[PDB]
Structure formats: structure tokens, C-alpha cells
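All of the numbers you see were taken from the coordinates with simple rules; none came from a lab. Ideal geometry is used to build each Cβ from the backbone, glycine not excepted, and the neighbour counts take in all protein chains shown.
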Amino acid sequence: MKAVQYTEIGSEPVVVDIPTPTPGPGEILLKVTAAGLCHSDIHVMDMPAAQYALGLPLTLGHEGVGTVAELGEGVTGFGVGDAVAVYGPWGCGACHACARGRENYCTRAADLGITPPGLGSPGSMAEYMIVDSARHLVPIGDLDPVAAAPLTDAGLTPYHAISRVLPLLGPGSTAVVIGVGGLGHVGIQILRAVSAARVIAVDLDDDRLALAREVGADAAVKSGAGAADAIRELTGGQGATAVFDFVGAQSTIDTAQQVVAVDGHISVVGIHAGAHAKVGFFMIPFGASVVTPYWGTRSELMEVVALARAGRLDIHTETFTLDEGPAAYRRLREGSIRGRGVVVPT
Amino acid sequence: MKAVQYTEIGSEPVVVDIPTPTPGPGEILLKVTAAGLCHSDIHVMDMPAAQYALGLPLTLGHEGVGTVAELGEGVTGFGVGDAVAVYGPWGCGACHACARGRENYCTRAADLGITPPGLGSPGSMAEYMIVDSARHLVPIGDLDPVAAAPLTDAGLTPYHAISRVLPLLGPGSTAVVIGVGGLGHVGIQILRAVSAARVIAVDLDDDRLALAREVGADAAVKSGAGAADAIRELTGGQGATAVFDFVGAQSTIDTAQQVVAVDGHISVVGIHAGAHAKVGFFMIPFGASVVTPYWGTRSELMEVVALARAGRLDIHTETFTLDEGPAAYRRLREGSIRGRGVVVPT
Amino acid sequence: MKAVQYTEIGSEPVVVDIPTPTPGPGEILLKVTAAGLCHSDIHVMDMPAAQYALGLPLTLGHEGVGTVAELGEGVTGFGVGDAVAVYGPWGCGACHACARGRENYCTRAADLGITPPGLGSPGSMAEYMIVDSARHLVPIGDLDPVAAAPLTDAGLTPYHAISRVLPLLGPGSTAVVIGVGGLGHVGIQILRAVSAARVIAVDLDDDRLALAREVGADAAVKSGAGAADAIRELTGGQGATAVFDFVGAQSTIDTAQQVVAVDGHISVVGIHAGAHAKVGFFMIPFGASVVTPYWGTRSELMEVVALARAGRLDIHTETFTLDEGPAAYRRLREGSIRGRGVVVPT
Amino acid sequence: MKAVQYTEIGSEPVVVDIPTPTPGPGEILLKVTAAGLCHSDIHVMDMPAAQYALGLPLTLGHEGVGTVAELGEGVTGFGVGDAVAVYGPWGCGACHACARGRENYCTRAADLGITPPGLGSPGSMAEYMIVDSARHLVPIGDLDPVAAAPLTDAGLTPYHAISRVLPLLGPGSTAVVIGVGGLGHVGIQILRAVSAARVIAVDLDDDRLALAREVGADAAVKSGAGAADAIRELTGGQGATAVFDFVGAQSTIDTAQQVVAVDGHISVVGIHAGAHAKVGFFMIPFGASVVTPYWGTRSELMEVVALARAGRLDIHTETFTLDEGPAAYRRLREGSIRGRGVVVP
Ligand SMILES: NC(=O)c1ccc[n+]([C@@H]2O[C@H](COP(=O)([O-])OP(=O)(O)OC[C@H]3O[C@@H](n4cnc5c(N)ncnc54)[C@H](O)[C@@H]3O)[C@@H](O)[C@H]2O)c1
Ligand SMILES: NC(=O)c1ccc[n+]([C@@H]2O[C@H](COP(=O)([O-])OP(=O)(O)OC[C@H]3O[C@@H](n4cnc5c(N)ncnc54)[C@H](O)[C@@H]3O)[C@@H](O)[C@H]2O)c1
Ligand SMILES: NC(=O)c1ccc[n+]([C@@H]2O[C@H](COP(=O)([O-])OP(=O)(O)OC[C@H]3O[C@@H](n4cnc5c(N)ncnc54)[C@H](O)[C@@H]3O)[C@@H](O)[C@H]2O)c1
Ligand SMILES: NC(=O)c1ccc[n+]([C@@H]2O[C@H](COP(=O)([O-])OP(=O)(O)OC[C@H]3O[C@@H](n4cnc5c(N)ncnc54)[C@H](O)[C@@H]3O)[C@@H](O)[C@H]2O)c1
Ligand SMILES: [Zn+2]
Ligand SMILES: [Zn+2]
Ligand SMILES: [Zn+2]
Ligand SMILES: [Zn+2]
Ligand SMILES: [Zn+2]
Ligand SMILES: [Zn+2]
Ligand SMILES: [Zn+2]
Ligand SMILES: [Zn+2]
């Protein structure tokens, strides 16, 4: 089969020919229908040799949808042809977190060497993929696979981050979204669907501000040194109830701390190595909690799919072939994909 | 009347003779029965002139209990002689936070010049004190005033910090308490009363570790460079579900980040200027939230009093006269009060 | 001043001429700008002499908005001319429930003889009204008073009922609204604003089903014997996550029990004397909780006003003069007010 | 192997000799170390033929602990010899409820024919038992199996019921426990461990009131017509924040409605056919919610085990052999087991 793999440290990913896998006991083979590109793939490929621990080669793609092609021995609850999304942050299935479906917060996965597809195990950017267990498949019914693939991370991750503090986001609340890319453009729409928060979007790029308004942001303002004052003008001095920072640069985290309300929240979702919130007296308002959330839970993925099926999420995508996978990664690096890049195999 | 006041920047507080106040409309005059000393009073008195904004003179004491002495015009929900605790973090009473009793998170108090007794308004370290409004009094019935005074901050503040994340602290959870002083020795007991968390106490001083065990800590660990490893030995690699840091020095916050569990919590309650948690990827576990809480809510103070009335809080105190107030502050500075210092007027 | 009063048991309310009140200490005099009619006023007026305990005469109107006309002695936080909504379910202000703003669940109000305006104290269906305390006023700014008056009960009560179980109403959930009248037509819109629930409305009247669709219901079902099966056809066998019954007749409660999901909720909001849910094994699904909520909380009223100010609530009203008040009650009895009746004084 | 089975409608269960099962793919074979008797087994055996749908014969025992004896093909995460408790209310594993571990509220189990061990599938009252999937085993380490077996239902069910409303049970709250038997005596201890609620126990039997005080109830009062007034004397007119009714007779539900506080809770846990709370205006306080909870969740079972391992649960048991199983059921029917009956193979 054709796949896109990271094969050597510091190089671009390459299109390869590797064996179509066969599912072992408990596993499911999917024919992949769509595979999302995530900025996290750039972080992974930019790691120096000393830091990179995901193994080479690595089939990329941790945003996967497909149809069930073959059932491994003992697998029940799915039939051949069923359309499914892949739950990404595989856990042990047995710990207290995993028992609640919160496999993103599994305490045993690292020690057991359990890694996500595309991030240590073979990913979705290939004609076929293996999923370890039936509990890591969620049915999508007739959802368009191209718009469905991003739900698995671009949807799930902001959904989880918002869910952690949803009770704060009542009528009269304000939620700031920093970074209107793959994650952020979905984050805006989640906020509109599951809360009555006023949504203020922030981006460096005026076209992304336009995207923010297109997907339902109440206001969209330019990132950088003037953003905190501009946000405060809109919120009137109380500041923002919650800030969801999908950039996570020191500058955006600083903006977040300068606008967050008393008893509010900052969710540092975007990854920029070394950047951090400074949570201390006189550096942040009283009661304003800060967290770096990770991916999301099993039940959250089902809820994201339910939002998509109800017409609440307009996922902006651009489609690529497998052969164009490396080109698509170049596009993502330069910031020229308006929403999510999605590879559609054959 | 006799009072203890901060009267000049950089000097020790002094015993003064000032007029006994009379309550205006809506106000209540209390005969003070006990006034707690808090380490925050040291922070206040150590502020340079440029930072200090609480006015001079200032009658100290933001931990107050008393009996109703005189009712201001229109006050009817209390009778003369009623034993009451003073709710400290006065708010506007009208905003969304205040409507929920969360006057600690009032968004209008600063603009309206509303300050706590002992922290901008006249405090409890005096024979009598004024309370602005009936809603800032909570009945204590026949509770011993000496042990009751600390409930208003040494109890309330840890109670609020714990309450923010109480759902995390189920059976099998671990809570670390750093600093077994006024607040910390009460924090341990709150954890034991309202949760099934295993409690690990951390202090520099062996006698404070003894105090921790006396009030129900399951284990005691010496603070400093070995603490993180010692805590991990006790928690077995998962780390601590929650860390309540009543010291808030950079070293204790660092210990907290090194032991907190995935999807756990660090509550930075202690104040050490400049110190902060560094909340960013690779510097803290996924999902581990961090906050600097402030004081507590009206209903929380009622709950703290209910714990005390049910025999769940053994408050360790040493009693001082008003004349000994300055000496008691020297004792607190040197770390020689085993629990809470409490002034009992005349 | 002109007012509408219930003056004798079993008779229609009458237009009267009574003295314009003067505010005592702590009280506020409002010039009333709008006064809502509620079906609860019909229940009150239909009580026989033996049951009726609200006093005669009674100025009706427990849905009140106005402008501050006079401040009683000692009142702060409002100026003459301020536009305000009246928080209805007055409590003692001091108990644990009231400290959280939950004066609807005050444990002391009955013993202290604290009754709501229009329901034991003089109501809003008059040129002027007294409010007991500043904490019972919520600013509305420039909101149209006619559409604002219903927020105080037609908005607040469904808002509270929904808020009790909001975490259940995630994407993929279904909420049934039974009774598309004053409360129900607002309930539908609240559900759409604060949740991603699919909303199914139920009414006896096809024109009310049309109203339900106009205000955002996803589906509309005729009430009566076929309703339960019709709702199950829409929900596909799982049943409805929550049922908000604004009728509360035995037949509607029975429908609710027959459609509610496992681990779901029935909120019996409508009042029909003698009607009750039967909560026992084999009579209701496992985990499906049932409650009769009452009115709402202070912070909830603020949230309702915030929804209105954000354009999320289209309140359907018909306006009446004070002289037409009795006629408007006849209209409400016959079911001919499409939404909420609102009296606008002079 | 020896087992205790319900074999004909209306008869007492019998001790039988049946084949030791072998685990299929994904399944685990346990050597049973303890099997709890539950009053629900009496309800099941008292069903007439028309209502009984669990199949005959049925190996009883839905409270099971054991050691892993054999792993079925493909099973990982457990080794032979591991001490485990059996999670009872098996669900589909895939629906929204099951994804949260809330298999007790699974919406698909009935349609898929998934039934609990001892309640449609073969139970724990036997030398060996099959468990369908690894996710239905919870490690217990060195916990005494006799005291551990009741954790799976006598512990789990009250734990779930309490957990549904735990945020209500702050300092100053009162929780009433009606029925100090298998479930109720554990419910009291759960309340003491995870809340600061004052606990008032209610029972018909003075010896059970003594049990309640022994396991930490703050007061223990006689059930019946005077109970509501006696409870109100203790709570001072506000009533009880929550009432956990482990009897569920109409009389106890009525007591519950007569004492519950405004914005409180009644959890109808005990099963008495036809009995129900009457939740309507003028019949219950404003805001007092009522529910019939069912069993508990996967993560709750882990939490119950954690309470037991921390020494927070003193489970009162009486031990029986397999041969004594039928005799033990007679004891349970007459109300003469002080706590939980447990069969040890
Ligand atoms: N915490 C997690 O679990 C998790 C999961 C998925 C992705 N991520 C991270 O989230 C981030 C976003 O991922 P993505 O795929 O949406 O990225 P993307 O490349 O699709 O989008 C980036 C967007 O951010 C904007 N941007 C960049 N710098 C900015 C600044 N200083 N201010 C405002 N806007 C700015 C860009 O203009 C663009 O719109 C990445 O760091 C990624 O690794 C984290
Ligand atoms: N967040 C709030 O709203 C709030 C309210 C009250 C107090 N505070 C702050 O909480 C802190 C504690 O106040 P207190 O009155 O309980 O103080 P205290 O002087 O009574 O107690 C200090 C304790 O911390 C211990 N300690 C000091 N350094 C330590 C270290 N490096 N590691 C471990 N233990 C250490 C001491 O040995 C002592 O037991 C102060 O900074 C105070 O200002 C905050
Ligand atoms: N719980 C509380 O705190 C609280 C507060 C306010 C009102 N209420 C009660 O809520 C109820 C609704 O009040 P309202 O002012 O909105 O009433 P309303 O007269 O404006 O509306 C009644 C609506 O219910 C519909 N209806 C009547 N019988 C029905 C049935 N069997 N099935 C379906 N629909 C039916 C009518 O067609 C109409 O659309 C009343 O009983 C009132 O007393 C309760
Ligand atoms: N909801 C669920 O998922 C679930 C799970 C397990 C058990 N149950 C049910 O819980 C109930 C309790 O089971 P158990 O095994 O603990 O029973 P048991 O036979 O061990 O205990 C019964 C106790 O209730 C007392 N009692 C009986 N009638 C009473 C009354 N009127 N007032 C006060 N006390 C009274 C007895 O004196 C005894 O102490 C049963 O109906 C059982 O079927 C329900
Ligand atoms: Zn990603
Ligand atoms: Zn795990
Ligand atoms: Zn203090
Ligand atoms: Zn305020
Ligand atoms: Zn009404
Ligand atoms: Zn009250
Ligand atoms: Zn049972
Ligand atoms: Zn299921």
C-alpha cells in the first residue's frame, strides 16, 4: 500500500510503498477515507534526533476516518463497511482514567509503550490502517469523511479544552480564541454550539480573522502587542471569562494573562516549546486557573461527532492525494491551508 | 478603646488608644472576642511605601469573631449578644459573583474602594470593631471564640482552595499539603473531613511535621530538595492528585509541579512575591490545572463553621493580650507560633 | 395610583385606586414599566377560601420591571431612573441557600413571613411598587420593558429548571418541552442558547406547535395519547435525555415518564394539583431523576437578562393597559394569549 | 465443579455438579474466592414463571471475587493468580454511557442480550466463573476476599447512589440511611469516608441500629410511624439533605418524603414492587429530586476497592460453604444475617 512516512530525522516525509497490514486478534483494519494533517506533525518532525522517540519509519496521521475492511479474531460490534472515526490518544483501557473513557489522561500508557496512531504507532496517512481495539472506533454514519477526519483532533482537542470549564461559560461570559487555524476555527463553533459565550477570535492573519467571523465569532481582532487592549475594550474591564490559546507562544500566553477575568480560565492548548503561563500572585488574577489540556476523551469524541451530524460544525478543509502529502506539509508549515489539510487515499 | 495598629511604613505595629466606633446605618458594632494573626499581615507590613495602599493608621486583624454589641440603624437580623464570625473579603453584594456569595471574586470592590477589615478597613485587633453589613456576619453559637477566629481565614482559605477541586479527591486520591502553619494545619483537617484523600504533609520543621500527624496527616515529608522524590515514593509514580501549597515559594511550587499527577491540580495559596508556577508543555503534566485562589465564599464560611461545630477541626492556637500584639507578630515572623496566634481583647 | 387587585375569594381581579406607597429604610420605590401575567395567578385566584393564605386585597404581578423612582433611607447601588427587573422569590438573605443567591430555596422565608411581590406582598400590576431590598433588583439597561418583564419568571423558572441538569444536555441529547405557553416558549429558546440539545416541543394546540417552531424547536408533537410514541419515533428508542414539563398534568407527567431516557431527567415545572410523577422501580427508567423546581436564583436572573441583552430570547407578548388587566386574565384563562400577557401602566 | 443454581420456578436453589467452564477468546476464567448473597437474589427467585426471564438453570452470585485461573485467547493486562473483583452490570462497552464506564446505564445491553453474572449469565456461586472481558475485572491486591466480595454490589450500589448527589453533602448536611443491612451498613461508612454529612440511620431492628452506631452513624432511630418526627427532632425542622432508602417500601419512601429538605434528594435504592415516590407539587419539597439508581460504574467500583484498601470500610459478613448456599438464602429471607452473607468455595 501507499503511505506517507517520516523516515529520517530532519528530512521531509516521503511517499512509500509498504505492506498492507493484516489485523491480529482484537484489531480492526480500516480502509482509510480521510487523514488530517495537524501542526503537531510539524513539531514532531522538527524534533532533533536526541528528543525524537516515536520510531522510524513512522506512518503519519493521527486524524483518521475510514471504513471497516477486516475484523481481527474476536472483534464484535462492527461490520465490514461501517464508517468510523479513530479515537487517537490510546490508553491502557484499565486504569481509573481509562475506565471513565479519559484515555488521554491514562497513567499507564507511557510505561506500557502505548502510543497514538501517527505518533508512535502507524497512522492514517495510508491506504489502510490498523486500530488496536474496537473501543477506539466511533461510528460516523454518513458524515462526509473529509470533514469528519478533523473531528478526531481539530474537533476533539478544543472540545475537551472547552469542556473542562464549560460551567464558567454562561450567558454574559466571554471566550477568547487565539489562533484561527485547524483547531481554532472548530473551537469557535464549539463555543457557539455548547455555550452562550460571546466569542472573540484573535489571529495574526486578516484572512483568518475573516474565517473566524465566517464560522461565528462575535468579534475578530489582530494578534500582537495591541490585542490585550483591544480585547479589554470589547469586554469592558472585567476581561475575558476564558481564553483558549491554540497558539501557545509566550506572546499569546501573555495576552491571555493580561485579559483573563478574576475566577476565569486560560487553556494553553497550542504548543510552543519553552512557553508557559506564569501563575503566581500579582501575575494573574485571583482564581484564574490555567491548564495545558491534552487531546480528549472517548465520550467527547462521540459528542463532537454528534455536533457534526447535527450541522453545528462547518469544517474548512483542503483535500490532497497521498502523493501530495509532503506538499501539504509544506503548505501547513507556510500557513497557507485555510482550515485543515486532509489527505484522501486513492 | 485599645487597638493594635500599623502606623508607619517599616515599623512594628503599636498598641494605641483610639475612639470606640459607633455603627452607622446598616453597620454592626462587635465586641471582639478573638482576633487572629495571619502571615499576610507580615507581607502587608513589609511592603515598601510605594506599594502599601491600605492607609495609615490601620487597625490590624482580618480574622475576627465577636459578640454583637450595638446594632446600626435598620439592622434587625441579629440581636445584641449574638456570637458571630466576620466574613472577610467584602464585596459589592450586587455583581454576579457576589450574588452567588463569592464576594472574594467580586469584580467591583476595587473600583468602589471596598476593602476587608484589617486590610484597608479597621480590623479585629481591638476591643471593638465595625462590620459594614449583616451579610458579613455568620453565627457561631457557643463555639469557643479563640478556636473560632482562625476559621475566618486559616479555615476559609484552605476550605475554598480544596473546594475548587473537591471532585478530584475521591477514594484512592492523594493530597499534598505544603506548609503546616496556620492555614496548613487546618487544610489537613478539612481534607480528612470532606474527602477520602490520603494526606501527605510537607514542612521544613520536624515539629510542624509532628503537628501535621497530630491533626491527621497520613504521612509527613521534609520539605526541600528531597521532597519530590519522597512524595513519589509514597504515591508510587502516579504522583499526587492535588497539591495545596500554603508556602508558595519558588522551591515549593517547583516541588508541586514535580509531584502533581496527570489531570491533577496545584493550588498556590501561599504568597511569596515573584514566585510562580510555570504552566506549559513539558513543564507540568497534561491536564494538571494551577490556580492562585483568594480567601473564600460566604457559604464556604458557613460550611467551615459547621465543620468546627461538628468537632472536625482542632484549631491549634496560642493566646495573646492586645498589649502582646506586637510581640505576637515578632513570634509569627520567627516561626514560633505552633498553629495560629490569637489576640483576646481585655 | 391605579392597581389591579384580587379583592374577594372566587371573584375576578378588579382595577382599584390605592395610595402610592413610600419606601421605608432599605426599600426602593419603582415606577412600573411592565408587569407580566402568569398562569400561577390563575392557580392563586382559583384557591378556595380555606387554602388561600396570601391576604386580601392583593396587588397582583410577580413579573415586574420598572425604573427606580425613590430610594428608601440608606439604599445605595442604584440611582433614580435606573431600569431594573425585580427578583421575585424573596428570601431571608442570610441562610446557606440565600448566601448562594438561591433565595428560591430559602429555609427561613415561610417562618419569617417573607412572600414574593404579587404572591403575598404587593405586586407589579400597579403604577408603582415597593421592593424590599436592593439585592432584589437586577439592572436591565435599555432592554425593552415589555419583553423584559417575563424574564423574571417565564424566563427565570425554565432557566433554573434547565440549569439543574445542564450537564446532561450535551451534543446528541434531546430535550422535550411540554407546554408552549409563557414559560415553555422561553424554555425552548434557553435550551437552544445554552445547550446543543435537540428540542422537541409538545402542545395540545397546533398554533402553539407553530410558536414552538418559530422560537427554534427542532420538532413539534401533538400532546395527548400519541405523544409518547411520537417522541420515541423521533429519539429512536433511547428516549429523551430530559423532559421539561411546563403543564404538569397527570397525562403530561405520564408522557414524560414514558419517554425519558435511562439516566435522564424529568422536571415537573407546571402545577396541576394532585398530579405527580411516580418514581419507583419498573415505573421509570433507572437513573432518571425527577424534581419539582421552584422559580430561580439571583445569578440565574442575571444570566437570563444577559441572554436577552445578547439577542438570544425573542419574548412573545401582548400588551394590555391596567384597565384591561381583568380582561387579560380572562384571555389567559381561555388560552388566547400567544406567549406572555404584559400590563404596561400609563 | 460445584455450584449453587436456581433450577425450577418457586423452588429453593440447589447445589449441583456442572462442568468447569473454559474461557473463549477475550474471556477470563476465575477461581472464585468469595461470592456474596444479595436480597435481589430473593426478588429473582420469588418472581412467578411469567416474569422470570433469566434462564434455567442459573448459577447464582452477582457479587464475585476470585483469582485469575486461565486467560482466554488474546487477553492482556492480567496474569494468572491476580486477585480481582468482578464488575457486575455488564454493558456493550461502546455506547456513550459505556464509554464513560457507566455500563450500569448502558442503552444497548438489553437488545444485545448482555446480562450480569448471576442475573442471566453464570454467576460467582461456584468454584469457577467466566468473565466476558478484561474491562470487567478490577484488581483488589491482597484484600481479604470474604470482605471484598460485597464491595461489588453492597458497596458499589450505595456508593453510586451517594455519588450521584455527593456535592449536596457538605458540612452541615444530614444524610438519612433507611435499612441497615448488606447495603445500608456499607452506605453509612461510605458517607463517613467521602462526606462531612451527619448520618442518621433508621431500621426496624434494634440490633441493626446498634450495627449502625458501630459503623459510625451519628444517630440511629427506630423505623415506622414515629421515624419521620424523630428524624425532624434531630435535624431541627430543615429536614434531611438526602435520604438513601435501602428498603424502598411505600412506608419508607413516605418517611423519606416527610423528612427530605428543600433542594434535597431521595435515592430509592431498595426494591419493593409497586412502591414509589410521589413527586409533585404539595407532595414533596421544592427542589428535592428523586431517583432510582442502578448498581454502579466501573470507576466507582475502583473507588470502593480503594476505600476498602484504605481501611475505611468494615464489611460485616458471615461465611458459608457452597453446600450451605441454600441454607444461607433461608437465613437472608428470615433477616438473620448481620451484614452480608458470603459463600467461600
Ligand atoms: N494540546 C493538544 O492536545 C493539542 C492537540 C492538537 C494540536 N495542538 C497544537 O495546537 C496548535 C494549533 O494547531 P493547528 O493544527 O490548529 O495549527 P494551524 O497551523 O492549523 O493553525 C495555526 C493558526 O495560528 C495562527 N497564529 C500563529 N501565530 C499566532 C499568534 N502569535 N497569534 C495569533 N494567531 C497566531 C495562524 O495564523 C494560524 O491561523 C499547534 O501548536 C499544535 O501542535 C495541541
Ligand atoms: N491565598 C489567600 O487568600 C491567602 C490567605 C491567607 C494566607 N495566605 C498566605 O498563606 C501563607 C501561609 O500563611 P500562614 O498564616 O498559614 O503562615 P504561618 O507563618 O502560620 O505558617 C508557615 C508554615 O510554612 C512553613 N514553611 C515555610 N517555608 C517552607 C518551605 N520552604 N517548605 C515547607 N514549609 C515551609 C513553616 O515552617 C510554617 O509551618 C502565607 O504566605 C500567607 O500570606 C494566603
Ligand atoms: N415551578 C414554578 O416555579 C413555576 C413558576 C411559574 C409558573 N409555573 C407554572 O407553570 C405552568 C405554565 O405557566 P404559563 O404561565 O407558561 O402558562 P400559559 O397559560 O402561558 O401556557 C400554558 C400552555 O400549556 C399548554 N397546555 C395546556 N395543557 C396541555 C397539555 N395537556 N399538553 C401540552 N400542552 C398543554 C397550553 O396549550 C399553553 O400553550 C403553570 O402551571 C404555572 O402555574 C410554575
Ligand atoms: N438499586 C440497585 O441497583 C440495588 C442493588 C442491590 C440491592 N438492591 C436492593 O436493596 C435492598 C437492600 O438489600 P440488602 O441485600 O441490603 O437487604 P438485607 O436483607 O441485607 O437488609 C435489609 C435491612 O433493611 C431493614 N428493613 C426492612 N424493612 C425495613 C423498614 N420498613 N424500615 C427500616 N428498615 C427496614 C432490615 O431490618 C435489614 O436491616 C433490597 O431491596 C435489594 O433488592 C438494589
Ligand atoms: Zn494533532
Ligand atoms: Zn489507562
Ligand atoms: Zn490572612
Ligand atoms: Zn461584587
Ligand atoms: Zn409565575
Ligand atoms: Zn434564606
Ligand atoms: Zn445485588
Ligand atoms: Zn453500552
- How far is the Cα center of segment C:1-39 from the Cα center of segment A:208-271, in Å? 48 Å
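Given the rule -39500 (n - 2.57) for each run of at least 4 DSSP H residues, summed and divided by the residues of chain B, what is its mean residue ellipticity at 222 nm, to the nearest 500 deg cm²/dmol? List each step's numbers first, then the result.
On the way: 11 runs with 91 residues, N = 346.
Using -39500 (n - 2.57) per qualifying helix, the result is -7000 deg cm²/dmol.
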- Query: Kirkwood Rh over Cα pairs of segment D:293-345 into Stokes-Einstein at 37 °C, 0.692 mPa s: D in µm²/s?
  - Reply: 254 µm²/s
- Please sort D:311-321, A:168-178 by packing, taking for each peptide the average over its residues of neighbouring beta carbons within 10 angstrom, highest first. A:168-178, D:311-321
- Apply the membrane-span-like helix rule to chain B: whole DSSP H runs, Cα extent along the own long axis of at least 15 Å, mean Kyte-Doolittle hydropathy at least -1.0. List the helices found. B:182-194, B:298-309
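Using a/c under 1.5 as the rounded threshold, could you call chain D rounded, prolate or oblate? The axes a ≥ b ≥ c are square roots of the C-alpha gyration tensor eigenvalues, and prolate needs a/b larger than b/c, oblate otherwise.
Numbers: a/c = 1.75, a/b = 1.63, b/c = 1.08.
Note, shape of chain D comes out prolate.
For segment C:158-294, just say rounded, prolate or oblate: build the C-alpha gyration tensor, square-root its eigenvalues into a ≥ b ≥ c, call rounded for a/c under 1.5, and beyond that prolate if a/b exceeds b/c, oblate if not.
Details: a/c = 1.27, a/b = 1.16, b/c = 1.09.
Because its axes are fairly even, with a/c under 1.5, segment C:158-294 counts as rounded.
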- Query: Per residue of A:168-180, what is the mean number of Cβ atoms on other protein chains within 10 angstrom of that residue's Cβ?
  - Reply: 3
- Inter-label distance for A:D254 and B:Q250, nm, one decimal - labels placed 7 Å from Cα along Cα-to-Cβ: 1.9 nm
- Task: Distance between Cα centroids, segment D:48-99 to segment D:180-207: provide it in whole Å.
- Result: 28 Å
- Message: 7 Å from Cα along Cα→Cβ at both B:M47 and B:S133: what's the point-to-point distance in nm?
- Response: 2.3 nm
- Kirkwood-based Rg to Rh ratio, segment A:239-346, C-alpha trace: 1.07
- Message: Given axes a ≥ b ≥ c from the Cα gyration tensor, I'd like to know whether the protein assembly as shown is rounded (a/c under 1.5), prolate (a/b larger than b/c) or oblate.
- Response: rounded
- Item | Rounded FRET efficiency, nearest 0.05, which uses the C-beta distance separating D:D144 from D:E8 and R0 of 25 Å | 0.10
- Mind checking which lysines have their Cα closer than 21 Å to the Cα of A:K278? Skip sequence neighbours fewer than 8 apart in that chain. B:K278
